[PDB]
There are 2 protein chains.
Amino acid sequence: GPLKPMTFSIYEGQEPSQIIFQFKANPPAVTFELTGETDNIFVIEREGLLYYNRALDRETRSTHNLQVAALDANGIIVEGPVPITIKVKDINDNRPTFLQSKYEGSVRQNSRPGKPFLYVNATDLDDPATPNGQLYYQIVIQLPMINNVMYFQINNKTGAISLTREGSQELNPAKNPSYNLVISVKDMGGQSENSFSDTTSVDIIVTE
Amino acid sequence: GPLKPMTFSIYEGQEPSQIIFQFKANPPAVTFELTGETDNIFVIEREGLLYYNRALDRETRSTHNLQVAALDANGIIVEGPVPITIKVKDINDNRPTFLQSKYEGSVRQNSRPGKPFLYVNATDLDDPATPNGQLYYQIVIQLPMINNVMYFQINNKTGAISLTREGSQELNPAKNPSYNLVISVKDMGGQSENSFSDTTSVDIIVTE
Ligand SMILES: [Ca+2]
Ligand SMILES: [Ca+2]
Ligand SMILES: [Ca+2]
Ligand SMILES: [Ca+2]
Ligand SMILES: [Ca+2]
Ligand SMILES: [Ca+2]
Ligand code: NA
C-alpha cells in the first residue's frame with residue numbers, strides 16, 4: 001500500500017538472520033532510496049528489500065532514524081520520503097562497575113536508623129529502564145559482627161548505607177571504632193538468570 | 001513480520017495492566033490460535049491480541065511454554081506454530097518456614113566450642129538464587145542467660161548451632177541442666193527491609 005511511517009524493533013548483539021521489510025513499488029515508482037542514520041548497517045535493495053548487514057549496538061546508537069523514498073524510472077521521488085524508525089532493543093551485554101574499589105566513610109554514634117551517611121554507586125551501560133541496567137545492591141559481609149547482629153543496611157535500589165536499629169543502639173567508638181562492609185551489585189534487578197555482578201569494600205569509622 | 005519464537009519476562013503477583021503482544025495476520029493468515037501452558041491465564045483474540053488476565057505465580061509455574069499459530073480462513077496453519085516463552089520473575093511473596101516448630105538436642109559438658117551439634121533448617125518457596133529465598137539464621141534469645149554471656153552460637157548461613165568459648169567453659173548439668181534457644185530465620189539475606197521471618201524453639205540438655 002502507500003509508503004508511510006513505520007517503526008521496527010530489533011535486538012542488538014545479534015548478527016542478522018531475517019530481513020526487516022520488503023517494500024513493494026506502487027507504479028509509477030520502480031525503485032527505493034534509503035537515507036539517514038544508516039551507519040553502513042541498514043541497506044535497501046533497488047526493489048525495496050530493507051535489511052541490516054551486522055549486529056546492532058544499543059550502546060552506540062539506541063534509535064536509527066532512517067527515511068525511505070520511492071522513485072520513478074527517471075529517478076524522481078513519487079512517494080515519501082517517510083521516516084522509518086529502528087528501535088534497538090537492549091540485551092544485557094554490559095557488567096555493572098562500582099565507581100570506587102574502596103570507600104572511606106564515617107558515622108556518628110546514635111545516627112538514626114535508616115538515615116543514609118554514605119552512597120556506594122555502580123554504573124551499567126545497559127538500559128536502566130530494562131532489567132539489563134537495573135542494579136541491586138547488597139551487603140555480602142560486615143566485619144566485625146557480634147552474635148549475627150547487622151549494624152548496617154543498604155537501600156538495594158539506591159546504594160544508600162545507613163545504620164540498622166541495632167547499629168544505632170550499639171555502635172560506640174570506645175568498643176569498636178571501625179567496620180568493614182563488602183558490598184555486591186548485580187544487574188537484572190537482582191534476578192538470577194543472565195546477571196553480572198561487582199563488589200567493593202567500605203571502611204566506616206564510628207565517631208562521637 | 002513472520003511468526004518467530006519470542007520470550008517475554010513478566011513479574012508474578014501483579015494484576016495485568018498491559019497486553020503482551022499484538023500479532024498481525026499476514027495474508028493468507030486471518031486468525032491466531034494459542035496453545036500450551038495457558039493455565040486459565042493466557043488468551044489470544046482471533047485478531048492477534050495476546051494477553052494475561054490474572055496475576056502470575058512463579059511458585060505454581062516459573063515458565064509458561066506457549067505456542068502461537070496463524071490460521072487461514074479455512075483453519076489451515078499457514079505460519080508456525082512457534083514457541084512463545086513467558087519467564088515469570090520472582091517477588092518475595094513466601095515467608096521462610098522452619099521444618100520443625102520444636103527441636104530437641106543435647107550437648108556434652110566440656111564439648112569443644114564452634115563444633116556443630118544441631119542443625120535447624122528452614123525452606124523458602126521463592127527463588128533461592130535471589131534475596132527472596134536467601135536465608136539468615138539468628139539466636140533471638142537464650143534462656144537461662146548468665147551475666148549477658150551467650151553460651152550458644154549459630155552460623156547465619158547453615159543453621160549450625162555450636163557452643164561459644166564461654167559455653168564450653170561454663171556448661172555444667174549440676175548448675176543449669178537445660179537451655180532453650182529461640183531461633184529466627186529471615187529471607188532477603190536477613191535485612192529488615194522487605195523480609196519475612198519464622199521462629200523455632202530449640203531445647204538443649206547438658207549431658208555428663
Ligand atoms: Ca551493546
Ligand atoms: Ca548490565
Ligand atoms: Ca545492552
Ligand atoms: Ca508467588
Ligand atoms: Ca521468601
Ligand atoms: Ca515468589
Ligand atoms: Na544486649
# chains A, B, ... in the order shown; residues from 1 in each chain; ligands from 1
call {"tool": "residues_around", "arguments": {"residues": "residue 31 in chain B", "least_positions_apart": "2", "cutoff": "12 Å", "atoms": "only C-alpha atoms", "output": "PyMOL selection string"}}
result
chain B and resi 22-29+33-34+44-50+68-79
call {"tool": "residues_around", "arguments": {"residues": "range 126-141 of chain B", "least_positions_apart": "4", "cutoff": "7 Å", "atoms": "only C-alpha atoms", "output": "ChimeraX atom specification"}}
result
/A:148,190-192 /B:59,90-92,94,154-157,159,181-190
call {"tool": "atom_distance", "arguments": {"atom1": "CA of residue 146 in chain A", "atom2": "CA of residue 108 in chain A"}}
result
19.4 Å
call {"tool": "select_by_dssp", "arguments": {"residues": "range 6-165 of chain A", "states": "helix (DSSP H, G or I)", "output": "ChimeraX atom specification"}}
result
/A:131-133,165
call {"tool": "residues_near_ligand", "arguments": {"ligand": "ligand 4", "cutoff": "10 Å", "atoms": "only C-alpha atoms and all ligand atoms", "output": "JSON, numbers by chain"}}
result
{"B": [11, 12, 13, 14, 55, 56, 57, 58, 59, 60, 61, 62, 88, 89, 90, 91, 92, 93, 94, 125, 126]}
call {"tool": "write_last_selection", "arguments": {"atoms": "N, CA, C and O atoms", "output": "PDB file, in the first residue's frame"}}
result
ATOM      1  N   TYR B  11       6.706 -10.054  35.754  1.00  0.00           N
ATOM      2  CA  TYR B  11       6.666 -10.286  37.218  1.00  0.00           C
ATOM      3  C   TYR B  11       5.401 -11.019  37.625  1.00  0.00           C
ATOM      4  O   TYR B  11       4.315 -10.701  37.166  1.00  0.00           O
ATOM      5  N   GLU B  12       5.568 -11.953  38.550  1.00  0.00           N
ATOM      6  CA  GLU B  12       4.424 -12.560  39.282  1.00  0.00           C
ATOM      7  C   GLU B  12       3.781 -11.525  40.219  1.00  0.00           C
ATOM      8  O   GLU B  12       4.406 -10.477  40.522  1.00  0.00           O
ATOM      9  N   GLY B  13       2.580 -11.846  40.692  1.00  0.00           N
ATOM     10  CA  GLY B  13       1.912 -11.157  41.812  1.00  0.00           C
ATOM     11  C   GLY B  13       1.433  -9.768  41.472  1.00  0.00           C
ATOM     12  O   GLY B  13       1.168  -9.004  42.416  1.00  0.00           O
ATOM     13  N   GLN B  14       1.333  -9.413  40.184  1.00  0.00           N
ATOM     14  CA  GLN B  14       0.775  -8.093  39.791  1.00  0.00           C
ATOM     15  C   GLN B  14      -0.403  -8.304  38.844  1.00  0.00           C
ATOM     16  O   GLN B  14      -0.314  -9.172  37.921  1.00  0.00           O
ATOM     17  N   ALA B  55      -3.000 -12.395  37.749  1.00  0.00           N
ATOM     18  CA  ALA B  55      -1.600 -12.386  38.205  1.00  0.00           C
ATOM     19  C   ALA B  55      -0.957 -13.763  37.990  1.00  0.00           C
ATOM     20  O   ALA B  55      -1.605 -14.812  38.228  1.00  0.00           O
ATOM     21  N   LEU B  56       0.319 -13.743  37.621  1.00  0.00           N
ATOM     22  CA  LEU B  56       1.155 -14.969  37.507  1.00  0.00           C
ATOM     23  C   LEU B  56       1.646 -15.379  38.899  1.00  0.00           C
ATOM     24  O   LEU B  56       1.619 -14.555  39.855  1.00  0.00           O
ATOM     25  N   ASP B  57       2.151 -16.599  39.001  1.00  0.00           N
ATOM     26  CA  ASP B  57       2.675 -17.121  40.282  1.00  0.00           C
ATOM     27  C   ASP B  57       3.852 -18.025  39.948  1.00  0.00           C
ATOM     28  O   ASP B  57       3.635 -19.173  39.507  1.00  0.00           O
ATOM     29  N   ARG B  58       5.065 -17.530  40.173  1.00  0.00           N
ATOM     30  CA  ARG B  58       6.296 -18.270  39.836  1.00  0.00           C
ATOM     31  C   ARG B  58       6.350 -19.610  40.591  1.00  0.00           C
ATOM     32  O   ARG B  58       6.907 -20.553  40.066  1.00  0.00           O
ATOM     33  N   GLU B  59       5.786 -19.674  41.796  1.00  0.00           N
ATOM     34  CA  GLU B  59       5.809 -20.872  42.660  1.00  0.00           C
ATOM     35  C   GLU B  59       4.803 -21.908  42.179  1.00  0.00           C
ATOM     36  O   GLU B  59       4.916 -23.046  42.640  1.00  0.00           O
ATOM     37  N   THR B  60       3.885 -21.564  41.270  1.00  0.00           N
ATOM     38  CA  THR B  60       2.988 -22.554  40.606  1.00  0.00           C
ATOM     39  C   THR B  60       3.591 -22.945  39.254  1.00  0.00           C
ATOM     40  O   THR B  60       3.679 -24.131  38.942  1.00  0.00           O
ATOM     41  N   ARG B  61       3.961 -21.953  38.451  1.00  0.00           N
ATOM     42  CA  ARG B  61       4.672 -22.207  37.190  1.00  0.00           C
ATOM     43  C   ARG B  61       5.664 -21.073  36.944  1.00  0.00           C
ATOM     44  O   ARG B  61       5.234 -19.918  36.916  1.00  0.00           O
ATOM     45  N   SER B  62       6.936 -21.404  36.776  1.00  0.00           N
ATOM     46  CA  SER B  62       8.036 -20.419  36.679  1.00  0.00           C
ATOM     47  C   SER B  62       8.289 -20.017  35.220  1.00  0.00           C
ATOM     48  O   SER B  62       8.807 -18.928  34.995  1.00  0.00           O
ATOM     49  N   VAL B  88       8.603 -16.102  34.275  1.00  0.00           N
ATOM     50  CA  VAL B  88       7.897 -15.456  35.407  1.00  0.00           C
ATOM     51  C   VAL B  88       8.953 -14.988  36.412  1.00  0.00           C
ATOM     52  O   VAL B  88       9.673 -15.833  36.998  1.00  0.00           O
ATOM     53  N   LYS B  89       9.060 -13.687  36.594  1.00  0.00           N
ATOM     54  CA  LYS B  89      10.062 -13.095  37.509  1.00  0.00           C
ATOM     55  C   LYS B  89       9.555 -13.156  38.955  1.00  0.00           C
ATOM     56  O   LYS B  89       8.398 -12.908  39.226  1.00  0.00           O
ATOM     57  N   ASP B  90      10.471 -13.491  39.844  1.00  0.00           N
ATOM     58  CA  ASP B  90      10.211 -13.760  41.277  1.00  0.00           C
ATOM     59  C   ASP B  90      10.035 -12.465  42.064  1.00  0.00           C
ATOM     60  O   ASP B  90      10.863 -11.541  41.906  1.00  0.00           O
ATOM     61  N   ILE B  91       9.049 -12.448  42.938  1.00  0.00           N
ATOM     62  CA  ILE B  91       8.975 -11.465  44.043  1.00  0.00           C
ATOM     63  C   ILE B  91       9.087 -12.224  45.362  1.00  0.00           C
ATOM     64  O   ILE B  91       8.818 -13.437  45.416  1.00  0.00           O
ATOM     65  N   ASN B  92       9.387 -11.494  46.425  1.00  0.00           N
ATOM     66  CA  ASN B  92       9.374 -12.090  47.779  1.00  0.00           C
ATOM     67  C   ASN B  92       7.933 -12.162  48.293  1.00  0.00           C
ATOM     68  O   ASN B  92       7.474 -11.232  48.950  1.00  0.00           O
ATOM     69  N   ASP B  93       7.222 -13.242  47.994  1.00  0.00           N
ATOM     70  CA  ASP B  93       5.834 -13.424  48.451  1.00  0.00           C
ATOM     71  C   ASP B  93       5.679 -14.702  49.270  1.00  0.00           C
ATOM     72  O   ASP B  93       4.536 -15.084  49.507  1.00  0.00           O
ATOM     73  N   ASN B  94       6.780 -15.332  49.678  1.00  0.00           N
ATOM     74  CA  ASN B  94       6.695 -16.524  50.562  1.00  0.00           C
ATOM     75  C   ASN B  94       7.567 -16.326  51.797  1.00  0.00           C
ATOM     76  O   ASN B  94       8.714 -15.977  51.682  1.00  0.00           O
ATOM     77  N   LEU B 125       9.929 -20.919  49.536  1.00  0.00           N
ATOM     78  CA  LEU B 125       9.443 -21.276  48.179  1.00  0.00           C
ATOM     79  C   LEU B 125       9.892 -20.253  47.121  1.00  0.00           C
ATOM     80  O   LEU B 125       9.775 -20.556  45.938  1.00  0.00           O
ATOM     81  N   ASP B 126      10.408 -19.099  47.494  1.00  0.00           N
ATOM     82  CA  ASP B 126      10.907 -18.116  46.498  1.00  0.00           C
ATOM     83  C   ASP B 126      12.235 -18.614  45.926  1.00  0.00           C
ATOM     84  O   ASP B 126      12.781 -19.644  46.385  1.00  0.00           O
TER      85      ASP B 126
END
call {"tool": "closest_residue", "arguments": {"among": "B:87, B:54, B:95, B:102", "to": "ligand 5", "atoms": "only C-alpha atoms and all ligand atoms"}}
result
B:95
call {"tool": "select_by_dssp", "arguments": {"residues": "range 31-111 of chain A", "states": "strand (DSSP E or B)", "output": "compact mmCIF listing (two decimals) with N, CA, C and O atoms, in the first residue's frame"}}
result
# COMPACT_ATOMS: atom_id res chain seq x y z
N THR A 31 11.86 2.12 -7.93
CA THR A 31 12.98 1.84 -7.01
C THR A 31 12.81 2.60 -5.70
O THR A 31 11.89 3.45 -5.59
N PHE A 32 13.65 2.27 -4.73
CA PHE A 32 13.62 2.91 -3.40
C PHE A 32 14.99 3.46 -3.06
O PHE A 32 16.04 2.93 -3.50
N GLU A 33 14.98 4.50 -2.23
CA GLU A 33 16.19 5.17 -1.70
C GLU A 33 16.09 5.20 -0.17
O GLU A 33 15.05 5.67 0.30
N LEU A 34 17.12 4.71 0.52
CA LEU A 34 17.21 4.74 1.99
C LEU A 34 18.24 5.81 2.37
O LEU A 34 19.37 5.76 1.87
N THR A 35 17.88 6.71 3.29
CA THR A 35 18.81 7.74 3.83
C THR A 35 18.70 7.77 5.34
O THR A 35 17.85 7.05 5.90
N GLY A 36 19.55 8.57 5.96
CA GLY A 36 19.52 8.85 7.39
C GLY A 36 20.64 8.11 8.11
O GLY A 36 21.73 7.98 7.56
N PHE A 42 22.33 -0.38 7.63
CA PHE A 42 20.99 -0.53 7.01
C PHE A 42 21.11 -0.29 5.51
O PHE A 42 21.80 0.66 5.08
N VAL A 43 20.48 -1.18 4.76
CA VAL A 43 20.53 -1.18 3.27
C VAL A 43 19.11 -1.41 2.76
O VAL A 43 18.38 -2.24 3.32
N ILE A 44 18.72 -0.68 1.71
CA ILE A 44 17.53 -1.08 0.93
C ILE A 44 17.99 -1.49 -0.46
O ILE A 44 18.68 -0.73 -1.14
N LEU A 49 13.84 -4.29 -0.73
CA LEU A 49 14.19 -5.19 0.40
C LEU A 49 15.04 -4.42 1.42
O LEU A 49 16.23 -4.15 1.11
N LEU A 50 14.47 -4.10 2.58
CA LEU A 50 15.19 -3.40 3.68
C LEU A 50 15.76 -4.43 4.65
O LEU A 50 15.02 -5.31 5.13
N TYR A 51 17.06 -4.34 4.88
CA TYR A 51 17.78 -5.28 5.76
C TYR A 51 18.90 -4.56 6.52
O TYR A 51 19.27 -3.40 6.21
N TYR A 52 19.47 -5.27 7.48
CA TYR A 52 20.66 -4.80 8.23
C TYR A 52 21.76 -5.83 8.01
O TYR A 52 21.45 -7.03 7.85
N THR A 63 18.47 4.37 18.70
CA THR A 63 17.42 4.50 17.65
C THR A 63 18.11 4.92 16.36
O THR A 63 18.88 5.88 16.41
N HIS A 64 17.87 4.20 15.26
CA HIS A 64 18.30 4.66 13.91
C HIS A 64 17.12 5.35 13.25
O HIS A 64 16.08 4.69 13.00
N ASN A 65 17.31 6.62 12.97
CA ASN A 65 16.29 7.42 12.26
C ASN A 65 16.61 7.39 10.78
O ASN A 65 17.58 8.04 10.37
N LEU A 66 15.86 6.59 10.04
CA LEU A 66 16.04 6.39 8.58
C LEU A 66 14.88 7.06 7.83
O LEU A 66 13.85 7.41 8.42
N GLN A 67 15.04 7.15 6.52
CA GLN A 67 13.96 7.63 5.62
C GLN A 67 13.97 6.75 4.38
O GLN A 67 15.07 6.38 3.92
N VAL A 68 12.78 6.45 3.86
CA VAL A 68 12.63 5.70 2.58
C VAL A 68 11.80 6.57 1.63
O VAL A 68 10.78 7.13 2.06
N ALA A 69 12.24 6.64 0.38
CA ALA A 69 11.54 7.32 -0.73
C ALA A 69 11.38 6.33 -1.88
O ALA A 69 12.30 5.48 -2.05
N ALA A 70 10.28 6.43 -2.63
CA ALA A 70 10.01 5.64 -3.85
C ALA A 70 10.23 6.55 -5.06
O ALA A 70 9.76 7.72 -5.05
N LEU A 71 11.01 6.07 -6.02
CA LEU A 71 11.44 6.85 -7.21
C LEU A 71 10.90 6.20 -8.48
O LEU A 71 10.90 4.98 -8.59
N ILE A 77 11.45 11.37 -7.09
CA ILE A 77 10.67 10.87 -5.92
C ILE A 77 9.18 11.04 -6.23
O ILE A 77 8.73 12.17 -6.53
N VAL A 78 8.43 9.96 -6.11
CA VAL A 78 6.95 9.97 -6.32
C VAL A 78 6.22 9.60 -5.03
O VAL A 78 5.03 9.86 -4.98
N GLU A 79 6.88 8.99 -4.04
CA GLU A 79 6.30 8.83 -2.67
C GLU A 79 7.40 9.05 -1.63
O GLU A 79 8.55 8.65 -1.87
N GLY A 80 7.01 9.59 -0.48
CA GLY A 80 7.94 9.92 0.60
C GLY A 80 8.81 11.11 0.24
O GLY A 80 8.45 11.93 -0.62
N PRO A 81 9.97 11.27 0.89
CA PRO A 81 10.47 10.31 1.87
C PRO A 81 9.59 10.24 3.12
O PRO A 81 8.93 11.23 3.48
N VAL A 82 9.54 9.06 3.74
CA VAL A 82 8.86 8.85 5.04
C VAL A 82 9.87 8.36 6.05
O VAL A 82 10.81 7.65 5.72
N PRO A 83 9.67 8.72 7.34
CA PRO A 83 10.53 8.22 8.41
C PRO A 83 10.29 6.74 8.76
O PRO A 83 9.18 6.32 9.00
N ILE A 84 11.40 6.00 8.76
CA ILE A 84 11.47 4.59 9.22
C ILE A 84 12.31 4.61 10.49
O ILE A 84 13.48 4.97 10.43
N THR A 85 11.69 4.27 11.60
CA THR A 85 12.34 4.30 12.93
C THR A 85 12.79 2.89 13.28
O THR A 85 11.93 2.00 13.32
N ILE A 86 14.08 2.71 13.53
CA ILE A 86 14.60 1.44 14.09
C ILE A 86 14.88 1.62 15.58
O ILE A 86 15.86 2.33 15.91
N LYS A 87 14.06 0.99 16.42
CA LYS A 87 14.28 0.94 17.89
C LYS A 87 15.20 -0.24 18.19
O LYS A 87 14.87 -1.37 17.80
N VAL A 88 16.36 0.02 18.78
CA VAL A 88 17.36 -1.02 19.07
C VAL A 88 17.08 -1.56 20.48
O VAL A 88 17.28 -0.84 21.47
N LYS A 89 16.56 -2.78 20.56
CA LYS A 89 16.17 -3.36 21.85
C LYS A 89 17.42 -3.84 22.59
O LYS A 89 18.31 -4.52 22.01
N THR A 97 29.73 -1.79 37.24
CA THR A 97 31.10 -1.42 37.70
C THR A 97 30.98 -0.43 38.86
O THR A 97 30.48 0.68 38.61
N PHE A 98 31.36 -0.82 40.06
CA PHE A 98 31.49 0.17 41.15
C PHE A 98 32.48 1.25 40.73
O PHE A 98 33.53 0.96 40.15
N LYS A 102 37.37 1.03 46.77
CA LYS A 102 37.40 1.24 48.23
C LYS A 102 36.70 2.56 48.55
O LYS A 102 37.04 3.59 47.92
N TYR A 103 35.78 2.53 49.50
CA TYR A 103 35.09 3.73 50.03
C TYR A 103 35.52 3.92 51.48
O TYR A 103 35.64 2.90 52.21
N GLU A 104 35.81 5.15 51.86
CA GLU A 104 36.09 5.55 53.27
C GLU A 104 34.94 6.43 53.76
O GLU A 104 34.72 7.49 53.15
N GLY A 105 34.22 5.97 54.77
CA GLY A 105 33.03 6.63 55.33
C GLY A 105 33.17 6.77 56.84
O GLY A 105 34.10 6.22 57.43
N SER A 106 32.28 7.54 57.44
CA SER A 106 32.21 7.67 58.90
C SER A 106 30.75 7.87 59.27
O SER A 106 29.95 8.34 58.45
N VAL A 107 30.44 7.47 60.49
CA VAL A 107 29.07 7.59 61.03
C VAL A 107 29.18 8.00 62.49
O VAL A 107 30.02 7.44 63.21
N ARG A 108 28.29 8.90 62.89
CA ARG A 108 28.19 9.36 64.28
C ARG A 108 27.43 8.30 65.08
O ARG A 108 26.42 7.73 64.59
call {"tool": "closest_atom_pairs", "arguments": {"of": "chain A", "to": "ligand 7", "cutoff": "12 Å", "atoms": "only C-alpha atoms and all ligand atoms", "output": "Markdown table"}}
result
| residue | atom | partner | partner_atom_place_in_ligand_line | distance |
| --- | --- | --- | --- | --- |
| A:146 | CA | ligand 7 | 1 (Na) | 10.3 |
| A:147 | CA | ligand 7 | 1 (Na) | 10.0 |
| A:149 | CA | ligand 7 | 1 (Na) | 10.3 |
| A:166 | CA | ligand 7 | 1 (Na) | 9.3 |
| A:167 | CA | ligand 7 | 1 (Na) | 11.4 |
| A:169 | CA | ligand 7 | 1 (Na) | 9.2 |
| A:170 | CA | ligand 7 | 1 (Na) | 8.2 |
| A:171 | CA | ligand 7 | 1 (Na) | 11.8 |
call {"tool": "closest_residue", "arguments": {"among": "B:194, B:180, B:40, B:123", "to": "chain A", "atoms": "only C-alpha atoms"}}
result
B:194
call {"tool": "atom_distance", "arguments": {"atom1": "atom 1 (Ca, counted along the ligand's line) of ligand 6", "atom2": "CA of residue 6 in chain B"}}
result
23.5 Å
call {"tool": "atom_distance", "arguments": {"atom1": "CA of residue 201 in chain A", "atom2": "CA of residue 101 in chain A"}}
result
6.3 Å
call {"tool": "closest_residue", "arguments": {"among": "A:206, A:119, A:99, A:10", "to": "chain B", "atoms": "only C-alpha atoms"}}
result
A:10
call {"tool": "closest_residue", "arguments": {"among": "A:198, A:203, A:193, A:124", "to": "chain B", "atoms": "only C-alpha atoms"}}
result
A:193
